[PDB]
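Reading the structure
Now for the letters of each chain:
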Amino acid sequence: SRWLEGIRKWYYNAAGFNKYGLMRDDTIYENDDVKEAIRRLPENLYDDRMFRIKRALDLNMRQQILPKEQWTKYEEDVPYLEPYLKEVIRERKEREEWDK
Amino acid sequence: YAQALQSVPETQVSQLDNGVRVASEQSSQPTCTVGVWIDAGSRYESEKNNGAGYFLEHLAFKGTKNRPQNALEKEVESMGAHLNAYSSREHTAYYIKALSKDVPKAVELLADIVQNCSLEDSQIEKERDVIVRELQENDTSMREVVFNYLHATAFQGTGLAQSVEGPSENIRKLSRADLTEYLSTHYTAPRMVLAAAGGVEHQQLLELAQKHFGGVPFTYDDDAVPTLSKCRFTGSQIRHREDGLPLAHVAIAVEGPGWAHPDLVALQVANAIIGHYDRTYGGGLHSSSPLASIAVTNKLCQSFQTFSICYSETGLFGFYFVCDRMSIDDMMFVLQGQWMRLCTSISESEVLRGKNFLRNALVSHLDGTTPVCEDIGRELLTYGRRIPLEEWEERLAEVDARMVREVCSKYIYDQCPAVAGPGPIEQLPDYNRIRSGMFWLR
Amino acid sequence: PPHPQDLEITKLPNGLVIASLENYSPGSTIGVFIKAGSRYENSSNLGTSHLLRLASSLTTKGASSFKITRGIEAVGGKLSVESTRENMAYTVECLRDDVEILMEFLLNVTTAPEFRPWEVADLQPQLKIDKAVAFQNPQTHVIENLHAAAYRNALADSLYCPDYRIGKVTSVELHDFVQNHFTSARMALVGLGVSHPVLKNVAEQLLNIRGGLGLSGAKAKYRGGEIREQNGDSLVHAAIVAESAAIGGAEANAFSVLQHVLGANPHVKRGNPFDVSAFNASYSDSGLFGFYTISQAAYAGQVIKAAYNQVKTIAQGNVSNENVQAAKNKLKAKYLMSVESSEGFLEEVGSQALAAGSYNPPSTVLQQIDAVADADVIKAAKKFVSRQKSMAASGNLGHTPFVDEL
Amino acid sequence: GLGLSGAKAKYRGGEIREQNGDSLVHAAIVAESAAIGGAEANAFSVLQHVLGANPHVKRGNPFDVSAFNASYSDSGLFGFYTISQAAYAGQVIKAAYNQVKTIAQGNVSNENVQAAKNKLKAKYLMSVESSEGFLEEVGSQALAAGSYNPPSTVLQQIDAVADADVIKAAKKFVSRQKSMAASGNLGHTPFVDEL
């Protein structure tokens, strides 16, 4: 009856992390996996992400945000790291299982 | 597979009314290799007798009286056979490798050396200064000096402690005689073995040996082989520091059982589990061998190797690593730690691989003719007979976790090890410390 | 029952020669030889071979860098890769049923290398050392340069990635270098301790590429180069050569016997503390022949000179038909001997199952070497003395001469 | 007086390439020749100039090339270095060479000489303004000779030859033995055996 699709859209704008102008992945806390994930990132996307974070920080540090225009739109959010991160995880889970 | 082992040609052996034991293995192979493995060494040397066995090895080729230099070599070269050899602490050998179409010719040659060496007093005075140089070379091979020094302190005071090479003072003064005094004393059939592998037909060998080894034992002595003076193991250290060197080497070890001992198996499996590393490999992902893994992750060593160098009645079960002046410690720690783990909480899944890893070297230990002869040459000499790969198989195809634990601990836990370290080792902690590294705070 | 089982060879519809030989050894070893190498590199992509040779352990599509290494080790396995300017041999060894399993990884390492951009971008700094260790051997140094001074274009290219390119090889240059040389026509799934029906039923999965000859390495133009490396090592290494002999080239065997015909001569021709030998390398469309002379500094001039005069007066009739009989036999030896060790042996059933597709029995391989003698040699030597010479050298050298000083 | 005197310099037709991929090759070619004080010197100098507008204007595209000249005590050198893009390295040196070639086979108006004869008069005099490039002249001579050739005769000497040599100084290059040096991608750059 109620689209998870319809919902995610909610949460996304609700989380409003796009008001700072940074993709979902630009937020995921940096744990062992993510670090390795991000450390596998192509230098392109890396510097991209960096700036997005520094900009985010700079905003946040000013208490002000990004013009309604520059927010990133849900459908246009680029899961730039999810793919690497996943391999990572399974890579690990593969290892963790083998060491038993 | 197991069938492959079983279908492996038994090794033939039969001694002479003389004393020599003649054994060997047959295959299709045109080529082959054959040699006499004397129960001779440095261990059998004295305070003024040390060196000979070597100074010897070094004239063992420059001719005989029957056929002087230019000819022997010319006769060897000319037939395309390779006559090579060595001399350890309790083992010396001289093997040749021809086309099997030379069994009788190679065999003769063999006999003509182990029995009649020119020992040209003029040939000697040259090989004298040759060794004294060749020794000065063995010297900057830190990869080795570190082992002799290990022996030096590990078995301090006894015969093993003396290095196969012998002091410069002896090599500078060994007499035409003393060499002969060595030859005639140790080079005897009862302690020598004629072994070979390739396309040879035992009987043909026998008869040739039985033919060129016309030795005759009168007394009961001649027919008896002296057992060696026991060497006292001495948990201690010896440090030859020199921050002037690229890096330091470290070698620590516990007393080994001796060939005989059946545990040398489980023990051998032990060393299989931590194995060795060496920066060229390709594995921060390596198999269990954490020492390896960890060696990578934390860039611990340039290279490390585990070894159970054993002898007649004693041994040296340890490990040796090479590392930057700076990561020496972390390494020991991590390494020495492994021994503990090894004999305190080792798992089946581990030993499983260990075994197969051994079973791989077990097999590849016998890869070709020369090598096969080696075992035969050895086997008999130190074990009494020949251990078939079918045997070794079971021996180590039956070692469970609990067995490794029970073993290693039996020779490592709370034992006083012997450490040796040349190079910039300022970072290696005193003894007590690497000593209390022998018991796990269980 | 006697251990004899004729080595069957069956050329697949691709060009993938499959050579086996059940010799009944407990430990068998499979090997994928290829006509790849550092001969197919251009002024760019250099060393991509070498690097590749190391990327052996990098994740594939059927098994992760992890699985593979621990996979092979969980069996007492051994994967390794031997390569030469014009050929890369991916061997693997184990025993029993474990051969079957040991395969999965060799299969993936050679055909499904997905060289991930990080793994390599994190593996490249290895070249610095892998090379650094190999270069502790002065000998390898002089040779690397020899080929440089002996050629100009493919082949003359280094075997160990040049420095300047240590971290510039791209994850791409790797696929691109493989997609073009690791192709059925130029590969061979050789092997030992195996039943051929099984070693064949594997080539079925190994069927993932066809392109006969993807990039074919340019012919090798010769050059009379000379490149000295002043570095004062108290002892000079020197090598001299005259282009010649090619694998399969009937003119080959000759030097081999001249290789032996030479040696006791150059050596016994140069008294003092040294070492010297007859150098011989046979490549696909070329080769080399000469002699390297490790010799003390100041006594470097003399040494090479004398070593040379000998290769000289060897052409001007100083070779009894006896010297030939003796030397003809040593090869019979060195050949047969260096075949005992299943790895130096599997190297023979391979080399051939690659360059030809046949297998010259030990009988005729002799009948061919036996085949010539007096007839050549004296002359093979002459070829050296006349043609153009290219020298290589490492050491104090200040006392070592140049080719223009013969 | 002379404590260790440096050995005479034996010539060699060496060739040593340094593969290093710098996107642009540096190449130099030479033929032993000319020595300081050696009457045969000045000739190249004017040939140094007689050459240049020729090799350069002889090789179209994005590059650089010049006439190389070094005069040593008992020897010297003469040739041309050509900084050129990678792939266009082959072509560049080749063309640069043909020019030093056809320069010997009569492609030098007695005018080219007058012009070039003057540029040296210039470059000489000019590079003497700066007391350091100048004190370098009263020195070099006060060392090798013990004299001081006034600016007058130093000209009268360069003025002294022209048509008379040059065409020929070039010839010397094309015949004698050549030694090349090179740094760059090179994979497209030729070897002396390929002229």
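This report concerns the structure included in the present document.

Here's the deal with the packing of aromatic side chains
Residues and elements named next belong to chain B. Applying the stated criterion across every chain, the model contains 32 aromatic pairs over all chains. With a centroid separation of 6.0 Å and an interplanar angle of 15°, the aromatic rings of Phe 317 and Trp 339 are classed as stacked. Of this pair, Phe 317 sits in strand β11 (residues 315-324) while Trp 339 sits in helix α12 (residues 328-344); the two residues are 22 residues apart in sequence, bridging distant segments of the chain. According to the relative accessible area criterion, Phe 317 is buried, its value standing at 1%. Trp 339 gets classed as buried once you look at its relative accessible area, which sits at 1%.

With respect to the packing of helix α10 (residues 264-274) of chain B against helix α16 (residues 401-412) of chain B
All names here are of chain B. It is at 9 Å that the axes of α10 and α16 come closest, and there the two elements cross at 95°. Looking at the two axes, α10 sits roughly perpendicular to α16. Residues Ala 266, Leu 267, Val 269 and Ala 270 of α10 lie in contact with α16, whose contacting residues are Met 403, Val 404, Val 407 and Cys 408. Grouping the amino acids of the contact of α10 with α16 by side-chain chemistry returns eight nonpolar, no polar and no charged.

Description of the sheet that holds strand β2 (residues 78-84) of chain C
As a general point, the strands of a sheet are linked pairwise by backbone hydrogen bonds and lie either parallel or antiparallel. Residue and element names in this part refer to chain C. Across the sheet, four strands lie side by side as β2-β3-β1-β4; this open sheet has antiparallel pairing. Two strands close off the open sheet at either side, each with one partner strand: β2 and β4 (187-191). On average, adjacent strands in this sheet sit at an angle of 15° to one another, irrespective of strand direction. Inspection of the sheet shows β2 paired to strand β3 (residues 87-93) by seven bridges, in the antiparallel sense. Its bridge partner being in β3, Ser 83 is matched across the sheet by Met 88.

Considering a nonpolar patch on the surface
On the surface, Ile 7, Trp 10 and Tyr 11 of chain A cluster together to form a nonpolar patch covering roughly 420 Å² of accessible area. Note on placement: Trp 10 of chain A falls in helix α1 (residues 4-15).

Considerations on the interface of chain B and chain C
You'll often see interface size given as the accessible area lost when the parts meet. Counting from both sides, the interface comprises 32 residues of chain B and, opposite them, 31 residues of chain C. Of the roughly 2800 Å² buried where chain B meets chain C, counting both sides, 59% is carbon and sulfur surface. Considering only the surface of chain B that becomes buried against chain C, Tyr 1, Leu 285 and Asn 360 of chain B emerge as the three largest contributors, covering 19% of it. Counting across the interface, chain B meets chain C through one salt bridge.

About the cut-offs
- Residues numbered from 1 in each chain as written, not as in the entry; some residues may be left out.
- Chains lettered and ligands numbered in written order.
- Part of a larger assembly, values for the part shown.
- Heavy atoms only, no water.
- Residues with missing side-chain atoms left out of burial classes, pairs and counts.
- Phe/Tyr/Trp six-rings, centres within 6.5 Å; stacked < 30°, edge-to-face > 60°.
- Helix = DSSP H or I, 4+ residues; strand = E, 2+ residues; numbered from the N terminus.
- Buried < 20%, exposed > 50% of the residue type's maximum accessible area, 1.4 Å probe, protein only.
- Axes fitted to C-alpha atoms, helices over the stretch in contact; angles between N-to-C directions.
- Parallel < 35°, antiparallel > 145°, perpendicular 65-115°, else oblique.
- Contact = heavy atoms within 4.5 Å.
- Nonpolar A, V, L, I, M, F, W, Y, C, P; charged D, E, K, R; others polar.
- Pairing = 2+ DSSP bridges.
- Patch = residues over 30% accessible without salt bridge, like charges linked within 9 Å, V, L, I, M, F, W, Y side chains within 5 Å.
- Areas by Shrake-Rupley, 256 points an atom, 1.4 Å probe, with all protein chains shown as cover.
- Salt bridge = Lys/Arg side-chain N within 4 Å of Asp/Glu carboxyl O.
- Buried area = accessible area lost by both parts, 1.4 Å probe.

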